[PDB]
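Asker: Here you go, one structure.
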Amino acid sequence: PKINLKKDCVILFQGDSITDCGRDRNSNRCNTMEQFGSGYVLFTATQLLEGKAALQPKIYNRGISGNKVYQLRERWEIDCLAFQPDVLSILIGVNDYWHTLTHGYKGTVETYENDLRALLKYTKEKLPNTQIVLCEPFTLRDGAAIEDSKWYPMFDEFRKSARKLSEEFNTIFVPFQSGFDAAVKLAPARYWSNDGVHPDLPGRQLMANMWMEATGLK
Amino acid sequence: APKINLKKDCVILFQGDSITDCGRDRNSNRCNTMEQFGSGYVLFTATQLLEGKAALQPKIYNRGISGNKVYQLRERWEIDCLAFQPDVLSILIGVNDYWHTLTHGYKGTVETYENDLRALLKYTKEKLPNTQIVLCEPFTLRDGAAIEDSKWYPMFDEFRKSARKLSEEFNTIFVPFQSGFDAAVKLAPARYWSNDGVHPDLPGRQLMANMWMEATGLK
């Protein structure tokens, strides 16, 4: 499976802290710094804008920090459906686990897998031509925010669900964990991401390259 | 084929004008940050270097200043270059050395430009004899907002000739940005790549970054 793009195709990035990464929420224009922010979305978008330039794609970012699957759902009509995206990218799951530790969230992996399946069923229902790119939620064990006893193997189940769902809905799957598992063998985790949740400049470029590769867009 | 060779903790420094600066925080004292790089081709080149050559943990800096001409680089060469002791130094200068003759009444010819750059490169190799220089081709997109074909060509082509001639003289790496943009405009209009034809926008920045990684042989 590969992503197929047309002329003037709409690409939309959706997610949390990792997808938002300080984008201007007041930007009404596609393909700008203000629209993309400073995350992996910027680095993926520019590869799409340069690489697939002949198709002149219109790229948008609607990620919001602190989001969990149910919070994507809450704004899915305005921040997704309204765009009628030709290609929709979703990276969600780290908060669905992390907020059980930080904000006392009572949602398990069951909550996460059921909510995501429901959101994906609805997405394909309302946008039947949309090509979905589902991304693997990830961590870096030696990141400042991660306590190994409080994360593993509980979080691995979240990565299992994201993959299971990509198979169910026959979507593209970006395996970010495998990439980061490899990257930390070259340079320490803090180089890629300081807290082990949110990627820094070397980690954003890595994710962008993975995304271009997984989708087959060069 | 000659390539740029990087070591562990190697220092990479980007130097130039409006294109190299691109709203970087001039008060940044730290390498490898958004504040250090700004939003130009330097950011997109740096991140490829930071991800690609991660095992070498390079320290990347940007010292470009908008409106700069070759003499203006020399004026701050000690603080904004020599002080860094760069292992790899990248220079993109020349568009202002022509454009400001039209916009600010600058009295400098291609002679001025070629002699000043020769002098800057001689001094650089003199003070940092182990620095690997990456000299970039100054460029324009003809259907940009700021370019008047009658007021630019063939005059400006002499500036690109000089940049190449000097890359040969000092045996540096040469990034041929014009060839890349000459090709890119056959895929999408010039104003997609750069609205004014001088300063590149997001698709042009990524293109330049890719050219630089290719010319240097750093993948």
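By order of appearance in the structure tokens: chains A, B, ..., then residues from 1 within every chain, and ligands from 1 in the order shown.
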Which residues are close to region 131-134 of chain B, i.e. within 7 Å by only C-alpha atoms, leaving aside same-chain residues fewer than 4 positions away? Reply as number ranges by chain.
Answerer: B: 4, 86-91, 125, 172-174
Asker: Compute the chain A side of the contact with chain B at 7 Å, counting only C-alpha atoms, and hand it back as a ChimeraX atom specification.
Answerer: /A:46-47,49-50,53-54,186-187,201-202,205-206
Asker: Would you please extract all helix (DSSP H, G or I) residues from region 65-175 of chain B, as assigned by DSSP on the backbone, and give them as a PyMOL selection string?
Answerer: chain B and resi 70-74+82-84+96-103+110-127+149-152+157-169
Asker: When DSSP works through the backbone of this structure, what residues of region 55-161 of chain B end up as strand (DSSP E), shown as a list in words?
Answerer: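 Residues meeting the strand (DSSP E) criterion: residues 59, 60, 61, 62, 88, 89, 90, 91, 92, 132, 133, 134, 135 and 136 of chain B.
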Asker: Write a file of the just-selected residues containing N, CA and C atoms, as a CSV table (one decimal), in the first residue's frame.
Answerer:
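Heads up, here's the output in part-v2.csv:
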```
chain,number,residue,atom,x,y,z
B,59,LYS,N,27.7,20.4,15.9
B,59,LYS,CA,27.3,21.6,16.5
B,59,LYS,C,27.2,22.6,15.4
B,60,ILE,N,25.9,22.9,15.0
B,60,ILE,CA,25.6,23.8,13.9
B,60,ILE,C,25.1,25.2,14.3
B,61,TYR,N,25.7,26.2,13.7
B,61,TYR,CA,25.5,27.6,13.9
B,61,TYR,C,25.2,28.4,12.6
B,62,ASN,N,24.4,29.5,12.8
B,62,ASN,CA,24.0,30.4,11.7
B,62,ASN,C,24.5,31.8,12.1
B,88,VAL,N,33.6,23.1,9.2
B,88,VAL,CA,32.9,23.3,7.9
B,88,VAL,C,32.2,24.6,7.9
B,89,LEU,N,32.6,25.5,6.9
B,89,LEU,CA,32.0,26.8,6.8
B,89,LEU,C,31.3,26.9,5.4
B,90,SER,N,30.1,27.4,5.4
B,90,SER,CA,29.2,27.6,4.3
B,90,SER,C,28.9,29.1,4.0
B,91,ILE,N,29.2,29.5,2.8
B,91,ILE,CA,29.0,30.9,2.4
B,91,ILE,C,28.0,31.0,1.2
B,92,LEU,N,27.0,31.9,1.3
B,92,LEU,CA,26.1,32.2,0.3
B,92,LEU,C,26.0,33.7,0.3
B,132,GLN,N,36.9,23.4,5.9
B,132,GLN,CA,36.4,22.9,4.7
B,132,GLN,C,35.3,24.0,4.3
B,133,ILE,N,35.5,24.6,3.1
B,133,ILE,CA,34.5,25.7,2.7
B,133,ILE,C,33.6,25.1,1.6
B,134,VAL,N,32.3,25.4,1.8
B,134,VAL,CA,31.1,25.2,1.0
B,134,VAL,C,30.7,26.5,0.5
B,135,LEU,N,31.1,26.8,-0.8
B,135,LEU,CA,30.7,28.1,-1.4
B,135,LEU,C,29.4,27.8,-2.3
B,136,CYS,N,28.4,28.6,-2.0
B,136,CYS,CA,27.1,28.4,-2.7
B,136,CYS,C,26.9,29.4,-3.8
```
Asker: So that I can see what lies close to residue 37 (chain A), please list as a PyMOL selection string the residues with an atom at most 6 Å from it, counting only C-alpha atoms and leaving out residues fewer than 3 positions away in the same chain.
Answerer: chain A and resi 21-23+33-34
Asker: Could you write out that same residue set with N, CA and C atoms as a PDB file, in the first residue's frame?
Answerer:
```pdb
ATOM      1  N   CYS A  21       2.965  21.392  18.041  1.00  0.00           N
ATOM      2  CA  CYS A  21       4.310  21.942  18.265  1.00  0.00           C
ATOM      3  C   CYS A  21       4.413  23.490  17.981  1.00  0.00           C
ATOM      4  N   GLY A  22       3.523  24.254  18.623  1.00  0.00           N
ATOM      5  CA  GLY A  22       3.468  25.714  18.561  1.00  0.00           C
ATOM      6  C   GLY A  22       3.042  26.354  17.254  1.00  0.00           C
ATOM      7  N   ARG A  23       2.195  25.667  16.471  1.00  0.00           N
ATOM      8  CA  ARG A  23       1.653  26.232  15.241  1.00  0.00           C
ATOM      9  C   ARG A  23       0.685  27.382  15.585  1.00  0.00           C
ATOM     10  N   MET A  33       4.802  28.683   7.672  1.00  0.00           N
ATOM     11  CA  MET A  33       5.439  28.394   8.966  1.00  0.00           C
ATOM     12  C   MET A  33       4.398  28.448  10.082  1.00  0.00           C
ATOM     13  N   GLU A  34       3.541  29.489  10.038  1.00  0.00           N
ATOM     14  CA  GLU A  34       2.432  29.753  10.952  1.00  0.00           C
ATOM     15  C   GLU A  34       1.442  28.592  10.943  1.00  0.00           C
TER      16      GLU A  34
END
```
Asker: Could you tell me how far CA of residue 121 (chain B) lies from CA of residue 66 (chain B), in Å and to one decimal?
Answerer: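 These two atoms are separated by 20.2 Å.
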Asker: Which is closest to residue 190 (chain B) among B:215, B:166, B:12, B:146, if we use only C-alpha atoms?
Answerer: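 Closest to residue 190 (chain B) of all the choices is B:146.
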Asker: Excluding region 139-154 of chain A and its own-chain neighbours fewer than 2 positions away, which residues fall within 9 Å of it when counting only C-alpha atoms? Please give them as JSON, numbers by chain.
Answerer: {"A": [94, 97, 98, 101, 109, 137, 156, 157, 158, 177, 180, 181, 184, 188, 189, 190, 192, 193, 194, 195, 196, 197, 198]}
